[PDB]
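Line by line, the protein sequences are chains X, P, Y, H, D and G. Plus 397 on top of the position in the first sequence (first one is 1) and you've got the UniProt record's numbering. Plus 91 on top of the position in the second sequence (first one is 1) and you've got the UniProt record's numbering. Plus 106 on top of the position in the third sequence (first one is 1) and you've got the UniProt record's numbering. Mind the numbering: the fourth sequence is residues 2 to 52, 56 to 233 in the UniProt record's numbering, read in order. Plus 10 on top of the position in the fifth sequence (first one is 1) and you've got the UniProt record's numbering. Mind the numbering: the sixth sequence is residues 36 to 261, 273 to 318 in the UniProt record's numbering, read in order. Note that beta-carbon positions come from the ideal geometry of N, C-alpha and C, so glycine has one too. Structure first, commentary second.
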Amino acid sequence: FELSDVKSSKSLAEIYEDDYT
Amino acid sequence: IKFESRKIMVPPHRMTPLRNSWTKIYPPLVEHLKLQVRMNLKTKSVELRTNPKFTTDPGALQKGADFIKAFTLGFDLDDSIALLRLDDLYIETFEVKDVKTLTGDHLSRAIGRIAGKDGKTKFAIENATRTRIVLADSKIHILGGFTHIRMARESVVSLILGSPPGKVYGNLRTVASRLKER
Amino acid sequence: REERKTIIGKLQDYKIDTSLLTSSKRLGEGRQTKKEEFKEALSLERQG
Amino acid sequence: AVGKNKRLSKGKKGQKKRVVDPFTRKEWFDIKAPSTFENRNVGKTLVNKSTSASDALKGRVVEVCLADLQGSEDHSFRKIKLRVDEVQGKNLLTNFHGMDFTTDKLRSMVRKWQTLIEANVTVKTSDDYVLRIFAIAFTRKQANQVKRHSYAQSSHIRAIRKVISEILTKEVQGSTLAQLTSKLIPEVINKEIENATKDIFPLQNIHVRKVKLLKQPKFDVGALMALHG
Amino acid sequence: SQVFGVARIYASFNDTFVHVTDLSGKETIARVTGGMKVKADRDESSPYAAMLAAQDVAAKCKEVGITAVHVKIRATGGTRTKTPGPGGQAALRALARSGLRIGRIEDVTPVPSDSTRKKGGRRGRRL
Amino acid sequence: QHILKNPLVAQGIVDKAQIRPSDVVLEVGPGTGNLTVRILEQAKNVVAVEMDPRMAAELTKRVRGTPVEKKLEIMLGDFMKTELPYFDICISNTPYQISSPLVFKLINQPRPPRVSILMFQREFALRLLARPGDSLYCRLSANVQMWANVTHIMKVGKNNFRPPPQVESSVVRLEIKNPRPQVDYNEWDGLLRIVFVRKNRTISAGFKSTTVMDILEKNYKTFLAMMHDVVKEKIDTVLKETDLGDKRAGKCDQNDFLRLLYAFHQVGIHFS
RNA sequence: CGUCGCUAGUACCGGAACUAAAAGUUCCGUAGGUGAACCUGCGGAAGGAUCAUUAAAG
RNA sequence: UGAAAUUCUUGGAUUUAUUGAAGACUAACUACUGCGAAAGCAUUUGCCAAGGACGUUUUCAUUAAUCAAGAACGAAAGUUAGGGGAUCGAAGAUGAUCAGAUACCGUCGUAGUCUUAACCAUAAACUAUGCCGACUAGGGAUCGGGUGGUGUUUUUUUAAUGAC
Ligand SMILES: [Mg+2]
Ligand SMILES: [Mg+2]
Ligand SMILES: [Mg+2]
Ligand SMILES: [Mg+2]
Ligand SMILES: [Mg+2]
């Protein structure tokens with residue numbers, strides 16, 4: 398697995414939002 | 092709900108970011124959290140107050156105050172909005188000198204090691220540990236969930252102690268793989 | 107070696123048990139826990 | 002540790018049973034501030050009922069923000085300490101004990117690209133109150149200044165430091181403790197500093213950081229009732 | 011009609027103390043720590059333990075008569091980190107969740123003008 | 036973990052051991068057993084102790100179906116917790132994590148081997164052989180030297196071991212003096228520990244330290260059972287007659303330390 | 001479906017009976033080292049990967 | 001502390017508040033910016049002498065550059081003899097020895113870490129780059145001094161200075 402090393406287009410609130418959904 | 096007030100003072104260097112970004116700052120506070128908002132130009136501080144006739148969530152005032160603090164510390168606005176959206180997000184902060192006494196260019200190189208080339212190392216921490224990192228000179232702030240920030244801190248501390256970025260990155264893929272599993 | 111022999115000879119004349127003697131290993135300690143004190147009280151009481 | 006499996010503690014070996022609620026025997030007591038301040042009410046405290057209650061009360065020090073006592077947000081960053089001196093009918097008479105600013109305010113004033121100048125003086129009042137004052141100022145850049153920083157030469161820093169020192173010693177000596185506090189609240193002192201130090205070098209953020217009462221005179225209750233009216 | 015207390019919160023790395031006292035501070039109204047409210051030493055510093063710690067203090071304060079509190083958050087300070095951790099932050103929110111009116115919030119972490127050497131040594135610590 | 040890949044050094048180690056056919060050898064951590072099989076050829080009975088069961092099984096597989104199989108004995112588990120059976124000689128590839136306890140256990144064991152060939156890291160080896168006045172002379176060197184004599188056989192390069200350790204090691208021979216010198220082990224170590232806090236200190240400087248001076252005073256009162275300043279005076283004297291107080295601990299030979307011990311026993315003060 | 005065992009228990013005079021038993025980082029100088037395949041104290045070096053913000057007496 | 005136990009603790013630990021004592025050290029401001037031959041040097045005030053640069057239509061007139069011999073200083077560590085001994089802490093002792101990102105953690109802690117009087121003279125003592133002298137491009141910031149302006153602010157009487 399390769400981990401993205403550049404700025405994530407998706408913000409923390411969006412990251413946690415995906416975890417819920 | 093009682094009439095309560097919070098004052099968050101902002102440092103001078105964050106004035107210009109707020110002025111251009113404030114158009115997206117006051118709406119969520121006044122509509123979703125139902126707060127009464129000022130920033131005092133005389134004291135250069137942001138003022139929030141519970142409206143007794145409109146405020147319904149008693150925690151909106153403190154939730155807003157933390158959100159302003161995150162932007163005050165240097166986090167990007169959308170990241171700061173996570174504090175309003177969530178209830179389990181905290182800011183962990185510390186100095187490089189806490190890890191180890193570095194001075195002169197040794198201190199400078201450690202800061203570079205944390206950031207990495209083009210900031211490459213820092214974002215690897217952020218994506219791997221599900222957090223955001225603000226590297227303000229020798230002062231470091233981490234935003235995220237309590238477990239996540241703990242996972243973020245250990246990596247930057249390892250970089251401070253002198254671990255090469257490549258080996259740290261190798262640990263990140265391992266924890267990132269574990270994170271997806273759970 | 108001869109001078110080593112005679113001095114060894116004298117040492118048998120002045121010999122005593124070492125069970126009660128406090129070991130030099132304690133030199134670094136400097137402070138004793140409450141449990142350690144109790145054995146020393148127990149040991150001294152056994153000695154009378 | 003809270004768990005029962007935790008190894009038995011030295012205190013845990015013999016435990017005194019909790020059979021009395023302490024606050025059953027505690028008695029509330031009201032604090033009042035000197036007449037120098039607008040809002041004399043500064044809350045209440047609690048003490049065990051006399052078997056005395058007064059002895060515990062005396063020497064008790066209460067710290068509070070100046071904004072509450074003066075009813076103005078301009079003093080939000082200023083904090084004052086009051087010590088209980090006399091007790092009368094649940095009203096605890098207090099006197100000035102010291103003053104200091106909030107940590108958040110102090111970290112605000114310190115900024116890069118400018119010189120931090122500090123001066124301290126140990127001095128006594130006309131009422132024989134030996135006290136120590138701490139004053140801070142910061143260099144500022146002119147309106148038309150284009151240089152990034154506003155550093156001042158060490159000669160100016162010394163030249164300012166004598167001016168602040170000779171001022172601070174002047175008012176304190178030519179004033180009583182009650183009068184000295186009366187000067188702090190409108191904070192007339194710094195405005196005197198700004199004018200005196202104006203010609204030597206432009207300064208900003210001039211404040212008396214802290215006040216310490218090193219020694220106290222022999223207690224005079226008469227000097228206390230008059231202060232409280 | 012508003013009796014004010016002082017909520018002194020001490021957020022350490024391995025535990026969090028929620029302490030409410032009178033305005034002077036001589037008189038303890040209720041002292042609670044994360045260790046009391048959790049079965050493992052792991053989560054003494056956890057935000058969850060702080061929230062349980064905060065709520066118990068709040069319920070006690072209502073019984074006493076205190077209706078508002080001034081918050082003095084602090085960290086270990088000294089030669090160690092100067093900023094309160096998540097445990098302190100979680101406790102402060104919990105006080106809002108309890109309903110006690112918060113008068114003023116200020117950080118009283120000990121900051122040395124000069125300090126002795128740290129426990130880490132030259133190579134550092136906190137591996 | 037490293038493994039030795041030089042056959043010549045293994046053969047040399049066996050030859051220096053010069054095992055008589057009558058004698059029985061003890062091996063510790065044989066591992067692959069390339070050194071072991073040679074030892075079986077020249078040894079009547081061989082006892083082997085291995086920490087890992089699989090190595091022992093593989094060693095069983097190497098001696099498998101051979102006349103030497105009956106002579107070879109295989110044991111498992113850490114040698115410390117077990118009580119080793121009698122053995123005339125010990126030649127083994129001990130881990131250095133346990134070298135220092137091992138060498139002393141061999142000495143401490145009753146009826147110890149007359150000769151043993153062991154491998155240690157270079158720095159440890161020099162410390163074993165360090166002689167009075169040498170830079171590497173230490174407390175351990177003084178203790179082991181008095182009980183037994185140790186001599187350096189050869190130095191084994193790191194490259195021979197694979198994967199190469201960062202530190203070189205040298206094969207060394209130790210022989211335990213028979214009879215053991217008649218001096219109490221605890222008393223000797225007690226003397227050595229105080230005087231080797233800093234070899235470059237004066238022997239008097241080590242004694243005048245406050246903490247140990249408590250210990251010596253406590254020890255002296257125990258001897259009386261069998273005035274703290276008085277004890278300080280007596281120690282200050284007995285050093286002066288022996289003259290050792292001026293001399294550096296590192297320079298003083300083993301014989302000198304005996305003059306230290308006997309003089310203290312005359313005063314009635316015993317280390318341990 | 002039987003005999004003798006084996007495990008637990010009860011009593012009896014080692015002996016001899018009875019009952020029960022449904023699971024599946026790289027170094028420099030110095031000082032030391034007795035669980036040293038290496039560790040440790042002090043000071044120094046990069047011959048080691050700089051992201052964000054930043055005129056707020058604005 | 002990744003996890004736990006040695007450790008202190010109902011003679012009250014931890015935590016709260018009012019104080020006092022001891023020994024180190026000068027945070028934030030703090031900047032490869034400043035000073036010093038280097039090593040190094042950050043609180044206030046006073047005393048002692050020393051020094052770079054600048055101004056000078058003042059003075060001597062080759063008195064100079066480099067340097068075997070020889071001399072002063074020389075980080076940290078280290079030695080002798082006193083003092084002091086808070087923090088940290090080689091060595092030593094001891095708890096635990098379960099789990100690999102958190103895999104070397106914990107408690108006690110000798111010498112030392114501070115100072116006085118002498119030795120030791122070694123560092124990646126680095127610009128891995130001898131010293132002196134001349135010449136060979138543009139650009140704008142900083143530090144110290146000096147010159148010029150009919151430039152802003154202040155002196156809130158002017159002004160003169162100070163700051164720009
Ligand atoms: Mg400067
Ligand atoms: Mg220079
Ligand atoms: Mg001394
Ligand atoms: Mg250098
Ligand atoms: Mg040139």
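**OP:** Could you please give me the residues that DSSP links to residue 9/D through a beta bridge?
**Re:** What is shown of chain D runs 11 to 137, which leaves residue 9/D out entirely.
Original post:
Is it right to say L218/H is buried, meaning 16 or more other beta carbons lie within 10 angstroms of its own, or is it exposed?
Top reply: Indexing the fourth sequence from 1 puts residue 218/H at position 214. The residue in question, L218/H, is exposed, as its Cβ has fewer than 16 Cβ neighbours within 10 Å.
Original post:
Between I19/D and the rest of its own chain, which residues show a CB-CB distance below 6 Å, the 5 nearest in sequence each way excluded?
Top reply: Here residue 19/D corresponds to residue number 9 of the fifth sequence, with the count starting at 1. Annotation for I19/D: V28, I83, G98 and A101 place their beta carbon closer than 6 Å to its own, counting only its chain and skipping 5 residues before and after.
**OP:** Answer yes or no: does any C-beta atom of chain D fall closer than 7 Å to that of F237/P?
**Re:** Counting from 1 along the second sequence, the entry for residue 237/P is found at position 146. It does; some Cβ of chain D falls within 7 Å.
Original post:
Are the region 110-125 of chain H and the region 83-96 of chain H touching by the rule of at least three beta carbon pairs closer than 8 Å?
Top reply: With the cut-off at 8 Å, the region 110-125 of chain H and the region 83-96 of chain H do not touch.
**OP:** Measure the C-alpha to C-alpha separation of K125/P and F166/P and round it to an integer number of angstroms.
**Re:** Indexing the second sequence from 1 puts residue 125/P at position 34. Indexing the second sequence from 1 puts residue 166/P at position 75. If I take the Cα positions, the gap works out to 23 Å.
**OP:** Identify which residue in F214/P, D179/P, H239/P and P103/P has its Cα closest to the Cα of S405/X.
**Re:** Counting from 1 along the first sequence, the entry for residue 405/X is found at position 8. Of the residues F214/P, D179/P, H239/P and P103/P, the one whose Cα lies closest to the Cα of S405/X is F214/P.
Subject >> From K79/G, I124/G, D219/G and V276/G, residue whose alpha carbon lies closest to that of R149/G >> reply: One-based indexing of the sixth sequence puts residue 149/G at position 114. Among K79/G, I124/G, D219/G and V276/G, the Cα nearest to that of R149/G belongs to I124/G.
Original post:
Just the Cα atoms here: how many angstroms apart are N95/H and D104/H?
Top reply: Residue 95/H sits at position 91 when you count from the first residue of the fourth sequence. Residue 104/H sits at position 100 when you count from the first residue of the fourth sequence. Looking at the two C-alpha atoms, the distance is approximately 26 Å.
**OP:** Report the partner residues of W29/H according to the DSSP bridge assignment.
**Re:** Stepping through the fourth sequence from its first residue, residue 29/H is reached at position 28. Per DSSP, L47/H.
Subject >> Proximal residues, the region 149-163 of chain P versus chain D, C-beta separation under 9 Å >> reply: Residues of the region 149-163 of chain P with a Cβ closer than 9 Å to any Cβ of chain D, in chain order: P149, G150, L152, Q153, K154, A156 and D157.
Original post:
Taking the alpha carbon of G236/P as the point to measure from, which residue in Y260/P, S199/P, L174/P and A267/P has its own alpha carbon closest?
Top reply: In the second sequence, counting from the first residue as 1, residue 236/P sits at position 145. Among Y260/P, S199/P, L174/P and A267/P, the Cα nearest to that of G236/P belongs to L174/P.
Subject >> Straight-line gap, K214/H to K128/H (C-alpha atoms, nearest Å) >> reply: For the purposes of this step, residue 214/H is taken as the residue at position 210 of the fourth sequence. For the purposes of this step, residue 128/H is taken as the residue at position 124 of the fourth sequence. Using only the alpha carbons, I get a separation of about 15 Å.
Original post:
Thinking C-beta only, is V137/P closer than 7 Å to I99/P?
Top reply: Looking up residue 99/P in the second sequence gives position 8. Looking up residue 137/P in the second sequence gives position 46. Yes, these two residues count as a Cβ contact at 7 Å.
Original post:
Under 7 Å between the Cβ atoms of residue 274/P and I240/P?
Top reply: In the structure as shown, chain P starts at 92 and stops at 273, and residue 274/P therefore has no counterpart that could be examined.
Original post:
Taking Cβ to Cβ, would you say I32/H is nearer than 7 Å to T98/H?
Top reply: Walking along the fourth sequence from the start, residue 32/H turns up at place 31. Walking along the fourth sequence from the start, residue 98/H turns up at place 94. Yes, they are a contact pair.
Original post:
At a CB-CB cut-off below 8 Å, which residues of chain X make contact with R110/P?
Top reply: Along the second sequence, one-based indexing puts residue 110/P at 19. Correct list: empty, because the minimum Cβ distance to chain X is about 21 Å.
**OP:** With DSSP as the reference, label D117/D as helix, strand or coil.
**Re:** On the fifth sequence, residue 117/D is found 107 positions in, with the first residue counted as 1. Here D117/D sits in strand by DSSP.
Original post:
Do the CB positions of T220/P and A243/P come within less than 7 Å of each other?
Top reply: Sequence index remark: in the second sequence, residue 220/P carries index 129 (1-based). Sequence index remark: in the second sequence, residue 243/P carries index 152 (1-based). Yes.
Original post:
Taking the continuous alpha helix (DSSP H) assigned at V101/P, which residues delimit it?
Top reply: Mapped onto the second sequence, residue 101/P falls at position 10. Careful: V101/P lies outside any alpha helix (DSSP H) and carries neither H nor E.
Original post:
How about the region 78-86 of chain H and the region 192-199 of chain H: do they share at least three Cβ pairs that are nearer than 8 Å?
Top reply: No, they do not touch.
Subject >> Neighbourhood of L168/P by C-beta distance below 8 Å, restricted to the same chain and skipping five residues each side >> reply: Counting from one through the second sequence, the residue named residue 168/P turns up at place 77. Excluding its 5 nearest sequence neighbours in each direction, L168/P has C-beta neighbours in its own chain below 8 Å: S112, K115, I116 and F162, listed in chain order.
Original post:
Can you list the beta strand (DSSP E) stretches of 3 or more residues lying completely in the region 152-195 of chain P, in chain order?
Top reply: Those beta strand (DSSP E) runs which fall completely within the region 152-195 of chain P and span 3+ residues are 180-186.
Original post:
Starting from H311/G and walking both ways along the alpha helix (DSSP H), at which residues does that stretch end?
Top reply: Along the sixth sequence, read from residue 1 onward, the residue named residue 311/G stands at position 265. Bounds of the alpha helix (DSSP H) holding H311/G are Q300 to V313.
**OP:** Answer with buried or exposed for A156/H, where buried requires no fewer than 16 other C-beta atoms within 10 angstroms of its C-beta.
**Re:** Locating residue 156/H in the fourth sequence gives position 152, counting from the first residue. Residue environment for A156/H: buried (at least 16 other C-beta atoms within 10 angstroms of its C-beta).
**OP:** Please report how far the alpha carbon of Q177/H lies from the alpha carbon of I168/H, in whole angstroms.
**Re:** The count along the fourth sequence starts at 1 and reaches residue 177/H at position 173. The count along the fourth sequence starts at 1 and reaches residue 168/H at position 164. If I take the Cα positions, the gap works out to 14 Å.
**OP:** Return no unless some Cβ of chain D is closer than 7 Å to the Cβ of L120/H.
**Re:** Here residue 120/H corresponds to residue number 116 of the fourth sequence, with the count starting at 1. So no, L120/H is outside the interface.
Original post:
If we cut at 7 Å on Cβ distances, does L270/P have a partner in chain X?
Top reply: In the second sequence, counting from the first residue as 1, residue 270/P sits at position 179. So, not an interface residue.
**OP:** Compute the Euclidean distance between the alpha carbons of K111/Y and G134/D, then round it to the nearest angstrom.
**Re:** In the third sequence, the residue the question calls residue 111/Y occupies position 5. In the fifth sequence, the residue the question calls residue 134/D occupies position 124. If you take the alpha carbons of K111/Y and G134/D, they lie about 53 Å apart.
Original post:
Under the three-state reduction of DSSP, which class applies to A17/D: helix, strand or coil?
Top reply: The residue labelled residue 17/D in the question sits at position 7 within the fifth sequence. Correct three-state label for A17/D: strand.
Subject >> When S58/H, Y133/H, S51/H and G44/H are compared against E67/H, the one with the closest alpha-carbon >> reply: Here residue 67/H refers to the residue found at position 63 of the fourth sequence. Nearest C-alpha to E67/H: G44/H.
Subject >> Residue from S58/H, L181/H and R19/H whose Cα sits closest to the Cα of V134/H >> reply: As a first step, residue 134/H must be located in the fourth sequence, where it is residue number 130. Taking each of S58/H, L181/H and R19/H in turn and checking the Cα distance to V134/H, the smallest one comes out for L181/H.
Original post:
Could you give the distance in angstroms between the alpha-carbon of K129/D and the alpha-carbon of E186/P?
Top reply: Translated into positions along the fifth sequence, residue 129/D becomes position 119. Translated into positions along the second sequence, residue 186/P becomes position 95. Cα to Cα, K129/D sits roughly 15 Å from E186/P.
Original post:
For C71/D, which three-state DSSP category applies?
Top reply: On the fifth sequence, residue 71/D is found 61 positions in, with the first residue counted as 1. In this structure, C71/D counts as helix in the three-state DSSP scheme.
Original post:
Do you know how far the Cα of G225/G is from the Cα of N235/G?
Top reply: Position 200 of the sixth sequence, counted from the first residue, corresponds to residue 235/G. Position 190 of the sixth sequence, counted from the first residue, corresponds to residue 225/G. In a straight line, the C-alpha of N235/G is about 18 Å away from that of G225/G.
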